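A.B. asks: Can you look at this? It's an experimental structure, sequence on top.
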Amino acid sequence: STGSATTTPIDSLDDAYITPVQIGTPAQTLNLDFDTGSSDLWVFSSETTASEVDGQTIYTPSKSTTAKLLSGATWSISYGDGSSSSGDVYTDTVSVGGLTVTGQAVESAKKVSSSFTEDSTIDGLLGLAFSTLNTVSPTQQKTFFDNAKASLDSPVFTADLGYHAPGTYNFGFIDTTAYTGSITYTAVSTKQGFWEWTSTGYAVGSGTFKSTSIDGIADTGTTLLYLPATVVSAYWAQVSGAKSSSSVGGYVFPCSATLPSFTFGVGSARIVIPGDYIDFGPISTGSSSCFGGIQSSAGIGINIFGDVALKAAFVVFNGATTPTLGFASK
């Protein structure tokens with residue numbers, strides 16, 4: 001089997017992407033944030049504290065003839081950005097782009113933190129990291145991909161995120177029309193539960209490539225590119241007036257600037273992030289100070305190849321017995 005679904009930016013900045021997901025019988029379609037950096041599929045629901053729901057579409061398990069309470073199971077998750085959610089668990093039928101999993105754990109939120117409430121466009125998350133990170137207790141549950149894998153034509157999914165435009169998540173096949181040149185594959189460590197890999201270096205603008213190993217995670221659920229302070233300083237030094245602002249929480253730059261590109265290495269191959277992808281707009285409405293899309297990972301404890309990086313590539317998440325990651329230009 002295969003599946004193919006369009007993923008759409010939630011706003012004009014590509015702060016996140018939402019993908020429609022069918023849950024239950026009859027189908028209830030919710031728009032979920034597909035997150036290769038976590039492993040829980042959780043939704044706003046009829047059980048979510050009412051004051052914490054503001055515009056989201058909810059899953060109502062009592063209206064699904066295939067929903068079953070997973071007795072005794074609870075979940076609770078906290079994300080890198082400080083947000084969180086928790087609740088109980090149902091199993092139900094879940095379909096993405098024509099690909100159906102029966103008995104998928106659907107984690108129903110009883111509580112969500114303010115940032116989730118405040119974002120009316122995201123109805124929940126669909127985790128695509130390794131199932132070892134799933135938070136369900138006392139019986140850990142499998143991700144949608146893990147459940148689907150054996151049925152797929154090939155044990156892979158691909159992320160093709162758009163810049164200020166829709167893109168695609170495919171399951172079970174590689175669309176050879178969706179990228180240019182060849183796909184370069186690189187080793188993955190699953191030891192921390194992430195799609196963790198090692199970039200071979202970087203360049204800033206038209207500058208020379210610096211060969212240096214940068215360990216990090218391919219994370220579709222993180223907006224920005226978080227790299228070591230040395231790398232980030234070298235990037236922003238090429239932008240007149242750019243500075244790190246403790247009050248804002250990262251590098252800012254004059255909105256009048258033209259940003260240089262940023263290149264990262266995948267083996268001997270190179271992925272170029274155009275400068276415009278690195279502009280996250282005014283820090284506050286009407287400001288001429290703009291927020292940068294490349295930020296320091298210092299104090300996160302890990303480097304993160306988030307959407308800023310991934311959207312410059314066609315990315316293969318290869319879930320074969322030994323997982324690997326592939327990157328192509330597009």
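C.D. replies: Structure received. Residues are numbered from 1 along each chain as shown.
A.B. asks: and stretch 191-207, which residues are buried?
C.D. replies: Residues of stretch 191-207 classed as buried by neighbour count (16 or more other C-beta atoms under 10 Å): 193, 194, 195, 196, 197, 198, 199, 200, 201, 202, 203, 204. For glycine as for every other residue, the C-beta is placed from the backbone atoms N, C-alpha and C.
A.B. asks: Just the ones of those residues in strands?
C.D. replies: 196, 197, 198, 199, 200, 201, 202, 203, 204 (DSSP state E).
A.B. asks: Take these and lay them out in JSON lines including distance to residue 126.
C.D. replies: As requested, these are exported to JSON lines (distance: C-beta to C-beta, whole Å):
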{"residue": "196", "distance to residue 126": "20"}
{"residue": "197", "distance to residue 126": "21"}
{"residue": "198", "distance to residue 126": "26"}
{"residue": "199", "distance to residue 126": "26"}
{"residue": "200", "distance to residue 126": "30"}
{"residue": "201", "distance to residue 126": "32"}
{"residue": "202", "distance to residue 126": "30"}
{"residue": "203", "distance to residue 126": "34"}
{"residue": "204", "distance to residue 126": "34"}
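A.B. asks: Reformat the buried residues of stretch 191-207 into JSON lines and put distance to residue 223 next to each item.
C.D. replies: Formatted as JSON lines, the buried residues of stretch 191-207 follow (distance: C-beta to C-beta, whole Å):
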{"residue": "193", "distance to residue 223": "20"}
{"residue": "194", "distance to residue 223": "17"}
{"residue": "195", "distance to residue 223": "17"}
{"residue": "196", "distance to residue 223": "19"}
{"residue": "197", "distance to residue 223": "19"}
{"residue": "198", "distance to residue 223": "22"}
{"residue": "199", "distance to residue 223": "19"}
{"residue": "200", "distance to residue 223": "24"}
{"residue": "201", "distance to residue 223": "23"}
{"residue": "202", "distance to residue 223": "19"}
{"residue": "203", "distance to residue 223": "22"}
{"residue": "204", "distance to residue 223": "21"}
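A.B. asks: Closest one of the residues you listed to residue 42?
C.D. replies: Comparing those against residue 42 with C-beta to C-beta places residue 193 closest, at 16.6 Å.
A.B. asks: roughly how far apart are the closest residue to the closest one other than its chain neighbours and residue 144?
C.D. replies: Leaving aside its sequence neighbours, residue 193 sits nearest to residue 133 (C-beta to C-beta, 6 or more residues apart in numbering; 3.8 Å). For residue 133, the distance to residue 144 equals 14 Å [C-beta to C-beta, to the nearest Å].
A.B. asks: Mutual contacts of those two, please.
C.D. replies: Common neighbours of residue 133 and residue 144, counting by C-beta atoms under 8 Å, 6 or more residues apart in numbering, are residue 127.
A.B. asks: out of these two, which sits in the more crowded spot?
C.D. replies: When neighbours are counted by other C-beta atoms under 10 Å, residue 133 and residue 144 differ, and residue 144 comes out ahead with 26 against 18.
A.B. asks: how near is the more buried one to residue 233?
C.D. replies: Per C-beta to C-beta, residue 144 is found 39 Å from residue 233.
A.B. asks: Next, the distance between the ends of stretch 269-277.
C.D. replies: Stretch 269-277 has an end-to-end distance of 20 Å (criterion: C-alpha to C-alpha, to the nearest Å).
A.B. asks: mind listing what's buried in it?
C.D. replies: Applying 16+ other C-beta under 10 Å to stretch 269-277 flags 269, 270, 271, 273, 275, 277 as buried.
A.B. asks: Also stretch 229-249?
C.D. replies: Neighbour-count burial for stretch 229-249 flags 231, 232, 234, 235, 236, 238, 239, 242, 244 (criterion: 16+ other C-beta under 10 Å).
A.B. asks: okay, it in CSV with CA atoms only?
C.D. replies: Extracted in CSV, the C-alpha atoms of stretch 229-249 (Å, rounded to 0.1, in the frame of the first residue of the first chain):
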residue,chain,number,x,y,z
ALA,A,229,26.8,29.0,18.1
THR,A,230,30.0,29.1,16.0
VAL,A,231,28.1,28.3,12.8
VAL,A,232,25.2,30.6,13.5
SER,A,233,27.6,33.5,14.3
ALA,A,234,29.4,32.9,11.0
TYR,A,235,26.0,33.2,9.2
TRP,A,236,24.7,36.3,10.8
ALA,A,237,28.1,38.1,10.6
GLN,A,238,27.4,38.3,6.8
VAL,A,239,24.2,40.4,7.5
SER,A,240,24.8,44.1,8.2
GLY,A,241,23.1,45.0,11.5
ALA,A,242,22.3,41.5,12.6
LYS,A,243,22.7,40.8,16.3
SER,A,244,21.7,38.3,19.0
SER,A,245,19.0,39.8,21.2
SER,A,246,18.5,38.3,24.6
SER,A,247,15.2,40.3,25.0
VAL,A,248,13.8,38.9,21.7
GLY,A,249,15.3,35.4,22.2
